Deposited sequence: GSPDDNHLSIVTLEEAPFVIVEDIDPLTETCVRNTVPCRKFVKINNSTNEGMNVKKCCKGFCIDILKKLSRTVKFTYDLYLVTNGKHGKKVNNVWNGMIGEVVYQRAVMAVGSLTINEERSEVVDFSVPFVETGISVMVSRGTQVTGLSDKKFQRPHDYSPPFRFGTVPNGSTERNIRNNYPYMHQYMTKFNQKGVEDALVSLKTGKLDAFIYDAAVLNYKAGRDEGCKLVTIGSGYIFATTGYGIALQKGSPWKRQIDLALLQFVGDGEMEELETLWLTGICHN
């Protein structure tokens, strides 16, 4: 009944704040293990506060499914990457049973599904392409992405590696992938700055995050190609241990939330934009 839950910061889904001397308003407590130094394994769990779309979903599932939790932020990797058949990130936490479930901006994909069970998708996502308004690209299939050296100067585009986007590009567009690695971005914030300061032409990334970013862009310069078009559509899901007894009740509660209009209330509250 008292479940260990892993999360990862990614606005507007998961937002991390410092404690007030407890957690205020719509915030739930979340711990992060912080190392003393880089020449030790010793560290301490810092008490922080978590809010966002996925945190409201957790609050609802907690109440409906009737469980209590100890929420922590992953420190070994991010979302999930299989390195030499060993998973890190939120996926790794569930795979190696340090977490009963993973809640966050976690993309359902085939290779992750082989090692964890996912809930029904509760946020539509996939791959979107962000550009400065007026950039002439048709989408991922554009010859500017497919054969970038056919252009003088070549189109400069990248993603934030180690997540589901790079995995999809590596699998579907081998040339595009090997070309992209020189334009790898440390994160979303770096990527948007590069775009806004002419160092990058296009940012390939998670559709739901990119559409939120476009909707909140100052001056509405940055847009996603198409009417916020999605390539390799998938969704965010709660990851659970293979054959978990929690999956069933969690799927039922999510489909209940959709039926009752509770989903649209969260989408309106967290994801609507100006642009």
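According to the record, C-alpha coordinates are lacking for deposited residues 1 to 5, 26 to 28, 284 to 285.
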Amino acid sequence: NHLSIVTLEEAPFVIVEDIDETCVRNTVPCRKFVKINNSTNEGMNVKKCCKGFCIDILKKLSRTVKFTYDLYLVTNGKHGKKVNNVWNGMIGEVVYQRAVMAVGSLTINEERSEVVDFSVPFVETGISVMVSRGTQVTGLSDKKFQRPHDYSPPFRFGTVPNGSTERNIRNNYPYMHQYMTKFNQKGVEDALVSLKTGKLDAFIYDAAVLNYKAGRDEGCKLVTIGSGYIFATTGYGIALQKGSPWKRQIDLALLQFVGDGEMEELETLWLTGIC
From here on, numbers count along this sequence of modelled residues.
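Taking the mean C-alpha B-factor of each stretch as recorded, 106 to 114 and 139 to 147 are not equal, and the higher mean is that of 139 to 147. The stretch with the higher mean CA B factor, choosing between 128 to 136 and 85 to 93, is 128 to 136. Across 70, 56, 206, 218, the entry's maximum B-factor at the CA atom is seen for 218. Remark: residue 61 belongs to the middle third of its chain, ranked by C-alpha B-factor as recorded. Sort the chain's modelled residues by C-alpha temperature factor and residue 255 lands in the middle third, per the entry.
When the modelled residues of the chain are ordered by C-alpha B-factor, residue 212 sits in the middle third.
The PDB entry assigns residue 268 a C-alpha temperature factor belonging to the highest third of its chain's modelled residues.
Ranked within its chain, residue 50 lands in the middle third, by CA B factor from the PDB record.
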